[PDB]
């Protein structure tokens, strides 16, 4: 699809057997999801944003279906206020900015 930005660019994702909504975020290098139950090994990471830093769990080679497109990559899980799809996954679904 083409998505205009009069509203937040939210899409449906499927990850770890669960349905969620997430924001297509061109200002996010990485993908950060709210606390959820993901299987397997994970590594501690700290990421920074507007008001400081949060601790996240880093999960690698995670399958995510983003608006019906499959991608595999790193997902960070932790206290983000909203689910963010970052450029690590936006590049895999062929997402571009146009003006």
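Numbering follows the first chain given and starts at 1.
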property: Given 34 to 42 and 49 to 57, the range whose Cα B-factors average higher in the PDB entry; result: 34 to 42
property: Residue range whose averaged C-alpha B-factor is higher in the record, 74 to 82 or 15 to 23; result: 74 to 82
property: Entry-reported Cα temperature factor of residue 66, expressed as the chain third it lands in; result: middle
property: Within-chain third of residue 2 by Cα B-factor, per the entry; result: highest
